[PDB]
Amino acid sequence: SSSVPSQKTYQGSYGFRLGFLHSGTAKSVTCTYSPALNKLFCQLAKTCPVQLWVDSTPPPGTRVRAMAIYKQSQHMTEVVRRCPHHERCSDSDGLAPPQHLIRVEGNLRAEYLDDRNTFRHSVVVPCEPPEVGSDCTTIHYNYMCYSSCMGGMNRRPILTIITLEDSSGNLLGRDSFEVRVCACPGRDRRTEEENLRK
């Protein structure tokens, strides 16, 4: 078992926080975010856009890191990893180790860390300013196991912790959201929001 990174929201000096698109809950949806649950629902290995919002521009060399932890207290010391099936299915893009649950899509500067002390996985990219005509920068994540994968997440809820870091890895900001990776994200978001309203 491993030490548990903080999940405490921390806007920091740059006013760092996440944002999510409004994709709705139709059958064709592959990634959908519930503000009422603070929970992203997505399909396996599909694009998950996450917005990075800041009040002021952080220095060049600022990076942004994603890491998964188990939400429940009896599981939070366990490293989140891909299940024994998906870690062996040879689907690495050449950067992501096959054990890593979270990948970054479409960024050749993504770096993947296996922490030498905690053995936790994370993926980190340079934080870049918004493009022209945009108010935020967007990262595309992929989740490479289902929440239900036996021997992996095994139906246990996870959180993704997003940290803004300086070039040394020191904390500048932190935010987080729950994730369910499932075949029917729109149907599952509708169900869980309906459960919350009852």
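Note that residue numbering begins at 1 and tracks the sequence as displayed.
Original post:
Out of 126-134 and 57-65, which one has CA B-factors that are higher on average in the deposited record?
Top reply: The stretch with the larger average C-alpha B-factor is 126-134.
Original post:
So which stretch wins on mean C-alpha B-factor, 85-93 or 100-108?
Top reply: Comparing 85-93 with 100-108, the higher average CA B-factor belongs to 85-93.
Original post:
Reading the B-factor column of the entry, which of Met144, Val29, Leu159, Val50 has the highest value at its C-alpha atom?
Top reply: Highest CA B-factor of the listed options: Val29.
Original post:
Which one, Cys42, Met150, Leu172, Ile139, has the peak C-alpha temperature factor per the PDB entry?
Top reply: Highest C-alpha B-factor among the listed options: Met150.
Original post:
Ranked by Cα temperature factor within the chain, is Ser23 in the lowest third, the middle third or the highest third?
Top reply: Highest third - that is where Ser23 ends up once the chain's C-alpha B-factors are sorted.
Subject >> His121, C-alpha B-factor rank within chain (lowest, middle or highest third) >> reply: Lowest third of the chain for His121's C-alpha B-factor.
**OP:** Taking the values exactly as deposited, rank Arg187 by C-alpha B-factor within its chain and report the matching third: lowest, middle or highest.
**Re:** Tercile = highest for this residue's CA B-factor.
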